[PDB]
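Here we start with a single chain on its own, the form deposited in one PDB entry, put down as structure tokens.
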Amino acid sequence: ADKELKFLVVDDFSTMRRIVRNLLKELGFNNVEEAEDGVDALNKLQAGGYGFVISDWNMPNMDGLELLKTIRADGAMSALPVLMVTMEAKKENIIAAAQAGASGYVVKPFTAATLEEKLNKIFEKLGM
């Protein structure tokens, strides 16, 4: 994928955003912004430029499933890749996110290898 691809990393806890931002750096992506909830995210997204979203589920203001649904329902960003990264591991959550259009889904805690594999899976599926 283009190493200038702009990522938005969303989670209500800085620890997790920090892990993901650093992993992306390792993979060669330095164009990375953070958001703290679904609303914060949509604000940055509607500020334009973004090529990929990585998002938590449980967050105040707007959760990640609502964020995913909003993104997929907006004609201007409906195809934006959205990778869920969340502690929700139940099959009903995976189903609900998948059905809502998640590009991929990683369960916390995750390894560096896992994030890399699932990002690449999405890149390949989308021809990025």
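The first residue of the shown sequence is 1; numbering continues from there.
As for the form solved in complex with a partner chain, it is not shown, yet the points below apply to it.
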Given that the partner is absent here, does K118 sit within 4.5 Å of its partner chain in the deposited complex, heavy atoms only?
-> yes
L27 near its partner chain in the deposited complex, any heavy atom under 4.5 Å?
-> no
Using the partner position in the deposited complex, report whether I95 sits within 4.5 Å of its partner chain, counting heavy atoms only.
-> yes
Give a yes or no for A79: in the deposited complex, does one of its heavy atoms lie within 4.5 Å of a heavy atom belonging to its partner chain?
-> no
